[PDB]
2 protein chains.
Amino acid sequence: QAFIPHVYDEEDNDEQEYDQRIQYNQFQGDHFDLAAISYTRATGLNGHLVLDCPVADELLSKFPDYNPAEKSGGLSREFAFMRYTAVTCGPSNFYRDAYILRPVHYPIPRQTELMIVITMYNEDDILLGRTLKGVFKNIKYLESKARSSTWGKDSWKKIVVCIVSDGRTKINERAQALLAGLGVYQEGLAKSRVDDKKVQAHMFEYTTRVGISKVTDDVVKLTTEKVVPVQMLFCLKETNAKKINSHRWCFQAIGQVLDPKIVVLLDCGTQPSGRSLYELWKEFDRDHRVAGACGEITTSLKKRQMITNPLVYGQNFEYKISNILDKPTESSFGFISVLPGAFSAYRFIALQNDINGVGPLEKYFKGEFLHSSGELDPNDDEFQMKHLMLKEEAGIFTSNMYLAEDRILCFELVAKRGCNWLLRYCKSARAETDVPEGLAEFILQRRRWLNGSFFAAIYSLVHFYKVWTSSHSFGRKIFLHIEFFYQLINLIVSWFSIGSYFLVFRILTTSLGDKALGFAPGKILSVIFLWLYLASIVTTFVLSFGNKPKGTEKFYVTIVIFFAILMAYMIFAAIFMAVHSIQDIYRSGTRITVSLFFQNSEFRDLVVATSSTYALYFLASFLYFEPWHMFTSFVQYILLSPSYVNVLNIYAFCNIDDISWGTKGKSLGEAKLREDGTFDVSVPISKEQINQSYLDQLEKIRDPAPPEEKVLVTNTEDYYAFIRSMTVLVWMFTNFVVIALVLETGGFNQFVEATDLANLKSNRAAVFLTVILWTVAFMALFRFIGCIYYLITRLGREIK
Amino acid sequence: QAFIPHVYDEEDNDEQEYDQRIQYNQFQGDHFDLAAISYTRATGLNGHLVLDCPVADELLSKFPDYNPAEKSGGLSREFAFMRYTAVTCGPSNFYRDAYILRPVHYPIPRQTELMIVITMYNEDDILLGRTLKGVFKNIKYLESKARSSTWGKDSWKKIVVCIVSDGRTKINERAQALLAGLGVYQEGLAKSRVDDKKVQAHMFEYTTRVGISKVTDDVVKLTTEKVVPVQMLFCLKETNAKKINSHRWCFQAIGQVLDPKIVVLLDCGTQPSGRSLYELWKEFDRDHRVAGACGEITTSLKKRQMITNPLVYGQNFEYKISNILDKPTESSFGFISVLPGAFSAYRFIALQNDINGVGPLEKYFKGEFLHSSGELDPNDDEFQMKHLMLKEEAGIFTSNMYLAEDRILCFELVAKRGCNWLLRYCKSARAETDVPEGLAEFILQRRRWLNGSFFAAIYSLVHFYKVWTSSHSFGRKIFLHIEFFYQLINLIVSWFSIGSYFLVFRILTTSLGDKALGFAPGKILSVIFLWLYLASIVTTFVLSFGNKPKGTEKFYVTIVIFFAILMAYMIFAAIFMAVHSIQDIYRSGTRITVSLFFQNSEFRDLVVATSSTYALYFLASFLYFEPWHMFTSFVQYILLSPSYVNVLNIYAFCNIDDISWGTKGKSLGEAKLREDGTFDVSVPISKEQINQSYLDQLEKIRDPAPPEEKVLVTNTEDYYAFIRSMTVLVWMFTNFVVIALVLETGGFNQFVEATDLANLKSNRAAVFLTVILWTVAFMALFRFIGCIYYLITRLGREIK
């Protein structure tokens, strides 16, 4: 039973409200001209392959307007026929060619207000169903809105949902069946070639009146009761070219024809709220300077336990802390380092390139062409563009843009030549996504996140001067420079994370070895932990270079467990040391004052700084009315903290290069046995040709060998591997220099004596500990002030 | 002028002697039946594609027997026509099918006495010309021999030269032109397919009377004056399958049909001497127990300077020392670890497998099938064999046999179940080869040599008991066990090479830091050298995992130069320390005696052991009448010694897996524009089929998702990568454990005090130094005694 009566769940009460405002009786579509299809010969529009096929009669019968007597049920032309187009040119020339989309082909042109892009890659039908249910609920809410100048009756005409599937043979069959059930897709229409030209994309356009009632764990139920029509454009790509090509299809080609505003980017498995898209649109509408927006992203914890899934809860804590501290501060400063690709929105006009041809979209798209094998097919119609781009002189940043990905766009929007644009974060918009439960999938996901964050930070910091020419207020530029300084400090802290972790661990473990405090096993435990730590780091490097995470997952699991145990031991050691210092304070006598407590380096550094950081996090969580994550998921995040720095960072740096492409890329004759035993062959017979061939061979071998002097450009995979190797080597060198300076680990110990080394090492260790702990505490305080300011300003805006 | 009058060079005087014994007037070939070729239809023998084509008339005219009046010049059938055969089955079924080679097809069968196999892969015509000139000179010497029971008149009928070219499209064009000039190859004959069956190999058979007069640096000159006929079989493979497949063609297929004795293995670029092959044959003939033989291999130094090419001279020294010490001792014991593939010989009957199907050849060939992608084409006629082999349960050794390569054969010959076989080395046979001048090529060559040596040693040591069942004398088994013990010691020494090198360097450099001796910069230099050493090792590992040697060659060059400088500094430090110890001996007073000199640990260990090793090498070189290498090339080898251990070993272990194979491995429709604007398309029209398709989609999406439970075998590349990673990790762990034990580098220093650590570390360092130096000295003495015994026994045999 695919179709079932509409049922409202406990959390769906709000949905019912929307239904009361919507009439649901008047949903007649506009009339448009079809393409003649004899019986077959079809009159493709503008010389392109276009077919207006009829949808299955059962789907029409489901629709309320259907009448049995009528041949098509009396439905409008758009609701009756689904359109199929074959696109051969590709993103670059889609607008240049006479490719017309149905929304703009009506006798009365339709202007798009919100293009809801959805990206898909072999995703299960469950994720797509959840995403479509969220989008449909948002569209229904927008339609129900009454006292709105832009939204209300016939609002669905201003919204188009674009689903860009990457790879014709990689799409999941169940999601394809879902789309067919909605009526968008039909199997027979698709054609491989047209006029001896490869079809790059297949576009299916339909105004569907089928709504997903509910999405259980295993099945998806769709019904036609109380469903608002939705315009669906499903672009199935012939071959997979990653996500940058999909975004090129979305912006460079479809966007130009539709010319929409506030393009929304979503990902399969991301379920927006009931009013989230309205919140994003209102954020864009209130302030005209805003060019990009992001919303709060949450992790589903439906059928996942606290203890059975430590990783899920750790990720939940990370997401909550990010949304509570990082996003609000960056929004307050007006520059957000990253806008999540799973759920975000951009103003279309802001992304347009300049007349000279340089702009955010050009920077974003250059990465795809540069980061690929230099093997261009001469038959491609985009051959000229790609060849010209490759012929251009590319620097380090231009040739490594692929790491930043969407992140790059953000910077280019704020630091435009003469434009005034800002990036804003809204907490009213919420979207729920499923996090990777497995360790291998989590590592693979974090690889590109870490690489992009690092590269984007470096690129923004190097080119910080570009904001000088931007048309911003002087105070705005001053505060942007303050933010840049903070980001520089954050990058410096993050670059030395592994070395700092090792130094803190070594100092804390060795301090327990001191005979002053009464801990017997301390020395042996410290030695054992040192050996295990070194072994884990070395094995992590070897696996990151050699094997794939999916294969050797147990090694990573064991390493993570060991690091968690080590973190627990470090916490115990720090607490023991602080308690011993306090007891020594009391033992000294002469009374006690707050001054002595704040003067004791051990107690101060170890206890006060960490407690202050925790208190700041706690207060920030409370003020946002989201306090649960501080209890349920805090411990998991704390115990997984060292793993983030060690395993994920090592894997990310070892695999900076993403070499997806492989390596590189006339029959003499055919003898066929005849009826008789003789074989039909064609071999030289005449004496003349045999002699000529022999003379040719003699001449071929007589001549001397000329120098090769190839001077070939060679392949880019070597270049990217070299870049990655240099990066990892520099990282190792800097970290080891810092470690040697702090613990006198290398040959430095030779420049001191038997007794001086101990005291000097202790002093340096204490200085390093206080420096690092107070750096962390001050960064936390900075983010806390930022989020408080965000709350105050948002409340003031809401009052206004 | 391809053909020039025969000219004898200064070193060619011996050649003239041969010509005097050979009549050169009577070289009529035996008559054999040809295959009818109408005009074309050809009567292939036994249903196979065989063609007897005529050779170019000019080549016939060159031959002395040619007469202008005669239509073919009066030449014999073999000298007049060249034979071409297309082989579709492959090595396994070559004998089973009715594939007949010309030598065995004569009315009077010809029995082969010496099959001279030559292996080729995109080699320049110069190397092939040198090899063929050497082979032709050897055949001429064998023909000239008068007082020989087996050799003499008509000896060329017992010798067949087989050239197995790997890859039809990879063969160099100049070498192909050389072969065509010799008359073996013609371009038109080759056919891609026969009877809808792929042609695996193309075999060209001809009795050539063309001899290479001289091989200059740039050109090759061939003439017909004073040339003995030579039977040539040129097997050009359709696709490249590495060298194991070529050896399978040589042994499994061609050898069975020819059934020869004493198969000789040569490589392009290897030029044997004028009587070398006779020496190998006589070695096989004298003693019937001998199953394999190898000859002295030398490095050409024609146009290479002492100072301009340090690497070439270092390799020369290595080769000379090997041939003077290692080969003679192993021959004396009767078991040679490796028989060089560039120049060697095997007894054919000894290699044959047992009735049960287990034998040396089976072990050798299993590696090719196991070490490859598990993607078998069902159309291959060897599909059953490969599928059965893959279905068999393979252990670690069986699945990693590919590392040993030819080495494995050697062991299997000595430790046979009930056979008495021995491996012997003869210094009378000599062959000259060109060593790789470039560093990248040298590293690539040494990779597989080191991997094979390690794996073969491990395999032989683990399975040492297999020699118990062999039918050898009891004393022979005792001495074989002594040799196995020596090889175990050598393997243990070689496994800890990098750690031992680091320990010796650290000890020697730190000893100069002591204030007792008057060397000021010592401390700073030691610190700097430590940092540089660590950086070099880390970068070597990173490059070995990440990049290719050809790309980043400058890094390796810099590392090698630094290691050479460091070795020079270490030698200086050792000399300084020894001189200081002697001066302290004199300073102490109370006279001096030899006892004190032999009691001083510093002087003894540092000076006496190294001097003894050098003296043993010097004496061994002198006794073999090859003393020059001890002067010209000694210094280069000494300065390159650390590089061999560090760079080559690291690269070899990081690249144990040789993943040559890549990753992994119905058009919807075609719309063609007609004369009118309409497009011809085939899309569903009837309501019934549309409704049926919609219902099918509904049913497809309605059902629940079944568990995958693939449980696939997966690909072997992951397995090999895992093996390599485990190997490198174990290597690192063991070396670091040894280093930590010796220098108290890890946490061990915590278990000692401020003052005790220095003395304990000094004592441990002294013990380690004496142990390692005397181990090296005793190994040198063992090899010296072995080579002296070899000389004495060979002289006694010669007298007999």
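Topic: unusual backbone geometry
Although it is not a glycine, A:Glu709 sits at a positive phi angle of roughly 50°. One can find A:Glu709 in the loop between α24 (687–702) and α25 (716–743).

With respect to the interface of chain A and chain B
Size of an interface: often given as the accessible area lost when the parts come together. With 97 residues of chain A at the contact, the number on the chain B side is 97 residues. When the residues that make up the side of chain A that touches chain B are grouped by side-chain class, the tally is 51 nonpolar, 25 polar and 21 charged. Here strand β17 (residues 670–673) of chain A pairs with strand β6 (residues 193–194) of chain B via two bridges, running parallel. Bridging from a neighbouring strand, A:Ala671 pairs with B:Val194 of β6(B).

What about the pairing of strand β12 (residues 263–267) of chain A?
Residue and element names in this part refer to chain A. Across the five residues that make up β12, a large majority, four, are buried. Sheet topology note: the strand β4 (residues 114–120)/β12 ladder contains four bridges and is parallel. Bridge pairing in β12 places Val117 opposite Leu265. Taken together, the four bridges between β12 and strand β15 (residues 343–346) define a ladder with antiparallel strand orientation. Within β15, the residue paired with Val264 across the bridge is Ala345.

A word on the packing of helix α9 (residues 310–333) of chain A against helix α21 (residues 601–623) of chain A
Residues and elements named next belong to chain A. For the pair α9 and α21, interaxial distance at closest approach is 10 Å and the crossing angle is 90°. Relative to α21, the element α9 is oriented roughly perpendicular. Judged by residue contacts, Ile321, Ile324 and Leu325 of α9 engage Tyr617, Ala620 and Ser621 from α21. Tallied by class, residues from the contact of α9 with α21 come to five nonpolar, one polar and no charged.

What about the sheet that holds strand β18 (residues 679–680) of chain A?
If you trace the five strands from one edge of the open sheet to the other, you get β1(B)-β18(A)-β17(A)-β6(B)-β7(B), paired in mixed fashion. The strands lining the two open edges of the sheet, one partner per strand, are β1 (41–42) and β7 (197–198) of chain B. Pairing geometry for β17(A) and β18(A), over two bridges, is antiparallel. In the strand pairing of β18(A), A:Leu673 is matched with A:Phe679.

Quick word on helix α7 (residues 242–258) of chain A
Structural remark: α-helix, 3.6 residues per turn; residues separated by three or four positions point the same way. Here α7(A) is 17 residues long and its end C-alpha atoms lie 23 Å apart, about the 24 Å a rise of 1.5 Å per residue gives. A:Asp259 sits one or two positions beyond α7(A) and adopts a positive phi of about 50°.

Thoughts on the UniProt feature "transmembrane region" (unreviewed entry) in chain A
Residues and elements named next belong to chain A. Residues annotated in UniProt with the feature "transmembrane region" (unreviewed entry) correspond here to residues 449–468, 480–504, 524–543, 555–579, 606–625, 728–748 and 768–792. Between the first and last C-alpha atoms of residues 480–504 the distance is 33 Å; the span itself is 96% helix and 0% strand. End C-alpha atoms of residues 606–625 are separated by 30 Å, and the span's content is 90% helix alongside 0% strand.

A short note on the environment of B:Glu382
Residues and elements named next belong to chain B. Tracing the sequence through the fold places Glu382 in the loop between α11 (360–370) and α12 (383–391). Linking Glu382 and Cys89, residues 293 residues apart in sequence, is a C-alpha distance of 7.7 Å. Not counting the four nearest positions on each side in its chain, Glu382 is found in contact with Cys89, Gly90, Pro91, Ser92, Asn93 and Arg248. At 3.3 Å, the side chain of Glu382 and the backbone nitrogen of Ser92 are in polar contact.

Observations regarding the relation of the copies chain A and chain B
For the pair chain A and chain B, the best superposition has an RMSD of 0.0 Å and corresponds to a rotation of 180° with a translation of 0.0 Å parallel to the axis. The relationship between the two copies is best expressed as a two-fold rotation axis. Closest approach to the rotation axis among the C-alpha atoms of chain A is made by A:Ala754, whose C-alpha sits 2.8 Å away. A share of 100% of the interface residues of chain A reappears at the interface of chain B, consistent with the copies meeting face to face through the same patch.

Comments concerning helix α7 (residues 242–258) of chain B
At B:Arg248, α7(B) is bent by approximately 25°, the largest bend along its length. Counting buried residues in α7(B) gives 14 out of 17 residues, a clear majority hidden from the surface.

A few points about the sheet that holds strand β2 (residues 50–54) of chain A
Residues and elements named next belong to chain A. Judged by pairing direction, the sheet is mixed, and its 11 strands sit side by side in the order β2-β3-β8-β11-β5-β4-β12-β15-β14-β16-β13 without closing on themselves. Each edge of the sheet is formed by a strand with only one pairing partner; in this case those strands are β2 and β13 (271–272). Across five bridges, the pairing between β2 and strand β3 (residues 81–87) is antiparallel. If you follow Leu51 over to β3, its bridge partner there is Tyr84. This element, helix α8 (residues 276–286), spans β4, β12, β13, β14 (290–299), β15 and β16 (422–433) of the sheet and lies at about 180° to β16.

Comments concerning the environment of A:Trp449
Residue and element names in this part refer to chain A. Tracing the chain through its elements places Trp449 in helix α15 (residues 439–462). The class of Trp449 is partly exposed, set by a relative accessible area of 33%. For the pair formed by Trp449 and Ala652, sequence separation is 203 residues and the distance between their alpha carbons is 8.7 Å. Sequence-distant contacts of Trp449, defined by excluding residues within four places in its chain, comprise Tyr319 and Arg407.

Considerations on a negative patch on the surface
A contiguous patch of negative charge, built from A:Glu375, A:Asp377, A:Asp380 and A:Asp381, is present on the exposed surface. Mapping A:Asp380 onto the fold places it in the loop between α11 (360–370) and α12 (383–391).

Structural notes on the side chain of A:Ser331
All names here are of chain A. As for its position among the elements, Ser331 is in helix α9. Using a relative accessible area of 9% as the deciding quantity, one classes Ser331 as buried. Each residue touching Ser331, except ones within four places of it in the same chain, is listed here: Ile336, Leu423, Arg424, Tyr425 and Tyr790.

A word on the pattern of salt bridges
Taken as a whole, this structure holds 72 salt bridges over all chains when the rule is applied. With a closest N to O distance of 3.8 Å, A:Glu318 and A:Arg446 form a salt bridge. Of this pair, A:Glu318 sits in helix α9 while A:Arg446 sits in helix α15, and the two are 128 residues apart along the sequence. On the accessibility criterion, A:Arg446 (4% relative accessible area) is buried. Here B:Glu113 ties to B:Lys261 by a salt bridge, and the two come within 3.7 Å at their closest N and O atoms. Taken together, the positions of B:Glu113 in the loop between α4 (102–105) and β4 (114–120) and B:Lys261 in the loop between α7 and β12 (263–267) put the pair 148 residues apart, joining distant regions of the chain. When its relative accessible area of 6% is taken as the criterion, B:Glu113 is described as buried. One connected set of salt bridges, linked through shared partners, spans A:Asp30, A:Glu78, A:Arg110, A:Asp154 and A:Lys157.

Criteria and thresholds
- For every chain, the first residue of the written sequence is numbered 1 and the count continues from 1 onward along that sequence, whatever numbering the entry uses; residues with no coordinates are hidden.
- All chains are assigned letters beginning with A, and all ligands numbers beginning with 1, in the order in which they are written.
- The basis for every side-chain value is the complete set of non-hydrogen atoms in the structure, without hydrogens or water.
- Residues with missing side-chain atoms are left out of burial classes, side-chain pairs and their counts.
- By definition, any uninterrupted DSSP run of H or I lasting at least four residues is a helix, any uninterrupted run of E lasting at least two residues is a strand, and each is numbered from the N terminus.
- For this analysis, residues touch if any pair of their heavy atoms sits within 4.5 Å.
- Note on residue classes: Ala, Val, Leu, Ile, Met, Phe, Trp, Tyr, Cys and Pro are nonpolar, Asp, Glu, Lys and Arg are charged, and everything else, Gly too, is polar.
- Strands qualify as paired when DSSP identifies two bridges or more between them.
- Using a 1.4 Å probe on the protein chains alone, a residue whose accessible area is under 20% of its type maximum counts as buried, one over 50% counts as exposed, and one in between counts as partly exposed.
- Inter-axis angles, ranging from 0 to 180 degrees, are taken between N-to-C directions of lines fitted to C-alpha atoms, where helices are fitted over the stretch in contact.
- Should an angle fall under 35 degrees it is called roughly parallel, over 145 degrees roughly antiparallel, and 65 to 115 degrees roughly perpendicular, with every other angle called oblique.
- To estimate how far a helix should reach, multiply one less than its number of residues by 1.5 Å.
- UniProt positions are given in the numbering used here, feature names are shortened, and annotations may be inferred rather than shown by experiment.
- We call two N or O atoms a polar contact when they sit within 3.5 Å, provided that within protein one can donate a hydrogen and the other can accept it, with sequence-adjacent residues counted only if both atoms are side-chain atoms.
- A least-squares superposition on the C-alpha atoms brings the copies onto one another.
- Here the bend at a residue is taken as the angle between two axes, fitted respectively to the seven residues that end there and the seven that start there.
- Patch building starts from residues that exceed 30% relative accessible area and form no salt bridge, then joins like charges within 9 Å and nonpolar side chains (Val, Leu, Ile, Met, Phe, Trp, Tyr) within 5 Å.
- Per-residue and other accessible areas follow the Shrake-Rupley method at a 1.4 Å probe size, with only the shown protein chains counted as cover for residues.
- We define a salt bridge as a side-chain nitrogen of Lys or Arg found within 4 Å of a carboxyl oxygen belonging to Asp or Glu.
- Charge counting follows a simple rule: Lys and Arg are positive, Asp and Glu are negative, and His as well as the terminal groups are ignored.
- The atom standing in for a charge is NZ when the residue is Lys, CZ when it is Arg, CG when it is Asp and CD when it is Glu.

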